[PDB]
Amino acid sequence: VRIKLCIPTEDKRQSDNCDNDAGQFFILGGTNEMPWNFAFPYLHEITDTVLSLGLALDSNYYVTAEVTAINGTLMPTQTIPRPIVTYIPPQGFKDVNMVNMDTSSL
Amino acid sequence: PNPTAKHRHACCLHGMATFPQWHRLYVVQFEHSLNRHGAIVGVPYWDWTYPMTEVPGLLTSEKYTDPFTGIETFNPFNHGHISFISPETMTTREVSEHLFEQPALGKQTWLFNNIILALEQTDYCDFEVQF
Amino acid sequence: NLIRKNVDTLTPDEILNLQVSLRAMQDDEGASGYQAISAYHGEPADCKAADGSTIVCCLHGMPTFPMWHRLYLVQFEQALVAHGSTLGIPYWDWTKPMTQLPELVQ
Ligand SMILES: *[C@@H]1O[C@H](CO)[C@@H](O[C@@H]2O[C@H](CO)[C@@H](O)[C@H](O)[C@H]2NC(C)=O)[C@H](O)[C@H]1NC(C)=O
Ligand code: CUO
Ligand code: CUO
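Protein chains in written order, with PDB author numbering: chain A, 317 to 422; chain B, 2133 to 2263; chain C, 1 to 106.
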């Protein structure tokens, strides 16, 4: 499983900058494998490459996966549920406060 | 499609504009093999441009005798083996008499008329399709 | 304590007892032998679980994974020592950068 780091373009262009690869991991399995699903999400630290791109880790981007079988056979992206970006704020951190009292009707 | 694909199609280009290009490069592929395998010349052709009376000797004769070492051997160009089917599986041939047509009074051999017809074309794609 | 050393740090004599031992283990058709022990993990699958078809015996993807391979390593270790094997099966630290597979198997 190859981890590509994508930056959106606001257009019809389909030009999503997924050029840069963020990570990589591997999965063992086989036929007559015991069916299984992790009770918790596997997390792969991609912070370094995100900082390298010169964009904030908090800011928007996404992560996509190129899944090659051990066969060498490239597989559909649908084989694995889509990756997400998990962001962990610097503790302790308060996100922005609520805007003030009603003026005047809610 | 790629060597790893689940579903594959035939490799070579046919019935499309780049057909000559693909097969040009495909011949130099075969050419470089036998030049490095000790052929002093490039890949020979037999031109259908001239009317045919017969299939060329190095193509048709089943056995070949080396004049220099005097040993009779099987002619490598007579046929080819298809490895994956079985060791005992060879290409085979059947010759149509349509190959050996000769010019008549006003008439001219199929290939001649149709080769010119292709060579007449001024547009590459119009050339390619006829060709 | 049966000691499991680093593969890199083995003495030729250690290597020799390991060699003759695992050869001897390789010549056992008995349940102490190499094949019989290897068949505990993977093909052929003697195990059956959940839905009733034949399934691989080893445990992967579940929290029970590390304990299972822990016990499997004991079983293999003892399967060794039943032929000396004065030492326990070595680990190779691949957290260390590599150039080639460890020399023992090269
Ligand atoms: C190698 O890739 C897969 C096996 O990982 C093979 O294709 C199929 O894999 C899916 C699951 O991802 C199964 O549902 C299909 O039944 C498999 N089909 C077959 C025919 O095995 C694929 O066949 C392999 N590539 C090659 C060499 O064909
Ligand atoms: O066939 Cu592939 O070209 Cu003569
Ligand atoms: O083998 Cu089942 O664990 Cu790596």
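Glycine included, C-beta positions come from ideal geometry on N, C-alpha and C.
Residue state for residue 340 of chain A is assigned as strand, using DSSP reduced to three classes. Taking the beta carbon of residue 59 of chain C as reference, the chain A residues within 8 angstroms of it are 350, listed in sequence order.
Looking only at B:2196, B:2134 and B:2138, the smallest Cα-Cα distance to residue 2204 of chain B is reached by B:2196. The C-alpha of residue 55 of chain C lies about 10 angstroms from the C-alpha of residue 346 of chain A. Burial is judged here by how many other beta carbons sit within 10 angstroms of a residue's own beta carbon; residue 2223 of chain B has fewer than 16 and is exposed.
The beta-bridge partner set that DSSP reports for residue 382 of chain A consists of A:318.
Counted as a single uninterrupted DSSP element, the alpha helix (DSSP H) harbouring residue 2256 of chain B occupies residues 2256–2262. Within chain A, the C-beta atoms nearer than 9 angstroms to that of residue 2136 of chain B come from 384, 385, 387, 388, 389 and 390, in chain order. With a cutoff of 7 angstroms on beta-carbon distance, residue 2 of chain C and residue 88 of chain C are scored as near each other. Burial of residue 2241 of chain B is indicated by the presence of at least 16 other C-beta atoms within 10 angstroms of its C-beta. In terms of CA proximity to residue 392 of chain A, A:380 leads the group A:400, A:380, A:403 and A:401. When secondary structure is reduced to three states using DSSP, residue 323 of chain A falls in the strand class. Take the alpha-carbon of residue 419 of chain A and the one of residue 412 of chain A: they are about 20 angstroms apart. In this structure residue 2257 of chain B is exposed. Its beta-carbon is surrounded by fewer than 16 other beta-carbon atoms within 10 angstroms.
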